[PDB]
Every structure is written in C-alpha cells, then in structure tokens.
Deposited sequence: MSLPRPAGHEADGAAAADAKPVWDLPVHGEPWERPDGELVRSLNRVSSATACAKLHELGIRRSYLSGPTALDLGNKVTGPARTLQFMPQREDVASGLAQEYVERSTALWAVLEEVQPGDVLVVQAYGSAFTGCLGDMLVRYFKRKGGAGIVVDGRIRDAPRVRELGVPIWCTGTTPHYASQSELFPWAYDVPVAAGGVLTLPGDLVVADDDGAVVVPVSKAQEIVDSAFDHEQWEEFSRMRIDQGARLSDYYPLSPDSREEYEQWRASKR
C-alpha cells in the first residue's frame, strides 16, 4: 500500500533524528520502550504488520499464523507481547517464512524463541530477550493480526513506518512521514557540517 519511494528515503534517517523531529511535530511517544536489537549493526524501515497477543484463558496459534501469509514483501512486524519472559513469539521456523516472504524486520515487545538458530538468519529482529517457551505455552496466546498495538508506550497502527536502528525502534505514522524525510535531511546535513569543523 505505501509509497515505496518513501520507505527508501526514510531509511536514510536515524531513529534518534526521526524521533526528535516527531517530537517537534507534537508527538513525544514514538520510541518503543523495550525492544532492543538482537545483533548490532542494522537499520530497517517499512510498514508495520501489527501482532497483538492477549492473556491466555486456558482452553477458553492460527492467530499469528494468519499474519505471515499476509506479508506484502518489505513489511516490518510489530508484536505486542507485554514483555513476557515466558512466551516465544516467533521460533526458528516462523522466522524462515518471514525472510522467505520478504520480511524487512521484526520488532517485539516480548521475547523470541530458539536464539542460536535464529541469529544465523538474515533478518534483523528487535526483542526484549530469548525464551525456550513458545507463544501459547504461558499466560499469553496470540489474538489479532492487523489492529492498533501498544508495543512500547507507542500507538502503532497498521501501515505506519518503523525506522528501526541500534538506538531502538521509532514509529513514524504515514501522515507525518514526508514531513520528516524532508525535515531530517536539512538536519543531519547541518549536523554533518559541524562534524567536519572538528
């Protein structure tokens, strides 16, 4: 759906700048507090495939299954798992089907299962840890697959851009995208000048 010529231009921006400019627009809550980079040296931007977990009513995972077959290639996955230290949102298998489907990145307010195998895969993912547990093993089990999400302290709606970095993830809404792509270029260059004068 989004303009592919913007996912490119937004990628030239760092989260630390895209967040600092989202501020002056009048939006302080754009940094996902929780998700950290599994491995160093990555940057990712793209539309946000939202995933929402909910607390498990034991017998009251084709909730999150129906997401992976809905990845228009180049998407970023944003998962709401409440920072649970006992649910693995994605395992070694479901990450394969992500990069094979054209996945750009993964951001989780939770943890991720099978760390040794999933590190040696070509997808950068942001999580709060690593568990042996799977999704529907503990107090949580998946729910929806394209709805508003409270990962971090941020409102991540389906479609918005996620400028992932080593500083963390920053949600840029599809409305204020170009407003920043142009506002950050005139910033990181002004900054780039002062870098060479020293």
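No alpha-carbon coordinates exist for the deposited sequence positions 1-33, 94-104, 243-270, given here in order along the chain.
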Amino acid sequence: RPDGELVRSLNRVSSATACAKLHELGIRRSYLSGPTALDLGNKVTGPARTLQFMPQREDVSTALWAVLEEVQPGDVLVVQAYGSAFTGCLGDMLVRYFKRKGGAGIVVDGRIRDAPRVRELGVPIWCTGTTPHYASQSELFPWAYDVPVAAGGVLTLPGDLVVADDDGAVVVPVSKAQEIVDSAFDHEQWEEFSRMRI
From here on, numbers count along this sequence of modelled residues.
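Between the stretches 79-87 and 104-112, it is 104-112 that shows the larger average CA temperature factor. A summary of the deposited B-factors shows that, of 27-35 and 62-70, the stretch with the larger mean C-alpha value is 62-70.
Within the group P132, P173, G46, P142, the record's highest C-alpha temperature factor is found at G46.
Among all modelled residues in this chain, the alpha-carbon of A184 has a temperature factor (C-alpha) in the highest third. Residue-level temperature factors show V123 in the highest third of its chain, judged at the C-alpha atom.
Ranked by C-alpha B-factor against the other modelled residues of its chain, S138 falls in the middle third.
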